[PDB]
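Chains as they are written, first to last, in PDB author numbering: chain C, 93 to 170; chain B, 93 to 170; chain A, 94 to 170; chain E, 93 to 170; chain F, 95 to 170; chain D, 92 to 170.
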Ligand SMILES: NC(=[NH2+])NCCC[C@H](N)C(=O)O
Ligand SMILES: NC(=[NH2+])NCCC[C@H](N)C(=O)O
Ligand SMILES: NC(=[NH2+])NCCC[C@H](N)C(=O)O
Ligand SMILES: NC(=[NH2+])NCCC[C@H](N)C(=O)O
Ligand SMILES: NC(=[NH2+])NCCC[C@H](N)C(=O)O
Ligand SMILES: NC(=[NH2+])NCCC[C@H](N)C(=O)O
C-alpha cells in the first residue's frame with residue numbers, strides 16, 4: 093500500500109507545499125488522479141482524504157498533523 | 093433542494109470526516125459530482141461551496157461552523 | 094498575468110472565502126480553464142488551485158487569508 | 093451487476109441516441125461517471141468500453157452490435 | 095456564452111474520423127467549449143463528450159465527422 | 092523524448108487494449124487515463140487524430156485509413 097505509493101512519488105511528485113491543514117501536491121499534467129488513488133489506497137493515518145484536480149492534489153491532514161508536516165512526509169518518501 | 097440532497101446522501105454517502113473548516117465526504121467511485129451537485133443546489137447556509145473529485149467531496153464550512161460540525165450535519169442524514 | 098485577468102472578466106461568477114481558502118465560482122465546465130490561467134499567473138500568495146466543474150478552491154499562502162485572495166481576484170477582474 | 097445498473101436508469105438516463113458504433117447516453121449534470129461506472133461493472137459483452145464526460149457517456153459497441161442496438165438495449169432496461 | 099463566439103477563442107484545431115469531429119482546445123477548456131456546443135442544440139449533433147483538451151462531437155447519420163468539423167472550422 | 096515516454100507508460104499503465112471501428116479503446120488502472128492519454132497526445136503519432144480520457148478508459152481516434160484495430164495492436168505490442 094504505502095510502498096506502491098512511495099514508488100509513484102518519484103515520477104509523479106513535481107513539488108509539495110502547504111497551507112494550514114492542507115498539503116498541496118503538484119504532479120505532471122493529468123497525473124493527479126493516479127497519484128491521489130495511490131495515496132487513498134495507502135490509507136495513511138495522517139490523511140483524512142484527497143481531492144485530485146488535473147495537476148494538483150489537496151491532501152487533507154488529520155489533526156494534529158499539519159499540512160507542512162504531511163508535505164515533509166511526502167518529500168521524504170520521494 | 094434539501095429533500096433531494098437528503099435522499100442522495102442516504103444513497104451515496106459512504107463516510108464523513110473533517111479537518112479544520114472542511115467536511116470530507118466519501119462516495120462510491122464516480123459518484124462525487126452527482127452528490128456534490130445535490131449539495132450545491134440545497135444552498136445550505138453553513139456551506140461556502142463544494143469541490144468533487146472522483147470518490148471524495150470537499151465541502152467548505154462557513155464560519156462559525158467547523159468542518160466537524162458540517163460533517164456531523166451530513167452524517168445525520170447518512 | 095493578464096491572461097488570468099481576461100478570464101476573470103469572462104468567467105468569474107462570484108468569489109467567497111473561508112479560512113485559508115478562496116472559493117471561486119464559474120459557469121458550468123469552466124473551472125479548469127480559469128484555474129489553469131491562475132496557475133500560470135503564479136501568484137506569490139497562491140499555494141495552488143484545484144478546479145471542479147463550476148468551483149475552484151484557491152489555497153492561500155500563510156499568512157494571506159482566503160478573504161484577501163478573494164478581494165484580489167475581484168480587484169484584477 | 094446489470095440489475096444494479098438497470099435500477100439507476102429511471103433516475104440517471106435522460107435519453108439515449110446513437111451513431112455508427114456508438115451509443116450516446118445523456119444523464120443529469122454530474123451523473124456521467126456515476127452511471128458509467130455501473131455500466132462498466134455490468135461487464136456487458138456488447139460494450140467495448142465507456143467514457144464519461146459530465147452529462148454524456150459514450151458507450152462503444154463491440155462489433156457486430158451497432159450503436160443503435162446498444163441504445164435500444166439501455167432503453168429496454170430502463 | 096455562445097458557441098459561435100467561443101469556437102474562435104477556444105479551438106486549437108478541428109479534425110475528423112468517421113462519424114466523429116475531434117476538437118482540441120487549450121488545456122482545461124474542453125468542457126467549457128463542449129457546454130456551448132451542447133447548448134447550441136445543432137440538429138446534426140447527437141452529443142458531445144469532453145476530456146481536458148479534447149472534445150468528441152458525434153455526427154448524426156448521415157452527416158459525417160468531416161462535415162461537422164468543416165462547420166466548426168469555418169466558424170472559428 | 093515524446094514517443095519513448097509514451098512507450099514506457101503504455102507498458103506501465105495499460106491494463107488491456109481493444110477496438111471498435113476507427114477507435115482503439117485502452118484501459119488503465121483507476122484514475123490513470125489522463126496521464127497515459129497525455130503521453131499519447133505528446134507523442135503526436137501521425138495516425139492518431141486525438142484522444143479523450145475518462146477515469147480508467149481512453150479512446151484513441153484513428154486517422155483514416157488506419158483502423159482502431161491497427162492502433163490497438165500497435166499499443167498492445169508496446170507493453
Ligand atoms: N489542464 C488543466 N485542467 N489545467 C488546470 C489545472 C487546475 C488545477 N491546478 C487542478 O489541478 O485542478
Ligand atoms: N479513480 C480515481 N480517480 N481515484 C482517485 C480519487 C482521488 C481523490 N480521492 C478524488 O476523489 O479526487
Ligand atoms: N455538473 C456538475 N458536475 N456539477 C457539480 C459540481 C460540484 C462542485 N461544485 C464542483 O465544482 O466540483
Ligand atoms: N457542466 C459541464 N461540464 N458541461 C459540459 C458537458 C460537456 C459534454 N456533454 C460532456 O458531458 O462531457
Ligand atoms: N492535462 C491532461 N489531462 N492531459 C491529457 C488530455 C487527454 C485527452 N486528450 C483528453 O482531453 O481527455
Ligand atoms: N471511478 C470512475 N469514475 N469510474 C467510471 C469510469 C467511467 C468510464 N470508463 C470513464 O473512464 O470515463
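Where a beta carbon is used, it is the ideal one built from N, C-alpha and C, also for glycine.
Of the listed residues the options, nearest to residue i (C-alpha basis)
i	options	result
residue 116 of chain F	D/142, D/163, D/136	D/142
residue 113 of chain A	A/169, A/165, A/166, A/158	A/158
residue 100 of chain F	F/146, F/128, F/152, F/147	F/128
residue 154 of chain C	B/104, B/103, B/109	B/109
residue 149 of chain C	C/168, C/119, C/133, C/167	C/119
residue 121 of chain E	E/98, E/130, E/106	E/106
residue 144 of chain D	E/167, E/125, E/166	E/125
residue 132 of chain B	B/169, B/96, B/170	B/96
Endpoints, the alpha helix (DSSP H) within which residue i is located
i	result
residue 148 of chain F	Segment 148-153 is the beta strand (DSSP E) holding residue 148 of chain F; no alpha helix (DSSP H) there.
residue 95 of chain E	94-104
residue 162 of chain F	159-168
Exposure label - residue i; buried when at least 16 CB within 10 Å
i	result
residue 111 of chain E	buried
residue 94 of chain C	exposed
residue 156 of chain F	exposed
residue 151 of chain D	buried
residue 102 of chain E	exposed
residue 123 of chain F	buried
residue 130 of chain D	buried
Heavy atom of ligand 8 within 6 Å of residue i beta-carbon
i	result
residue 107 of chain B	Ligand 8 is not among the ligands present in this structure, which contains only ligand 1, ligand 2, ligand 3, ligand 4, ligand 5 and ligand 6.
Q | Whole beta strand (DSSP E) elements within the segment 108-145 of chain B, 3-residue minimum | A | 114-118, 139-144
**Q.** Inter-stretch contact at 8 Å, needing at least 3 Cβ pairs: the segment 153-169 of chain C / the segment 137-153 of chain B
**A.** no
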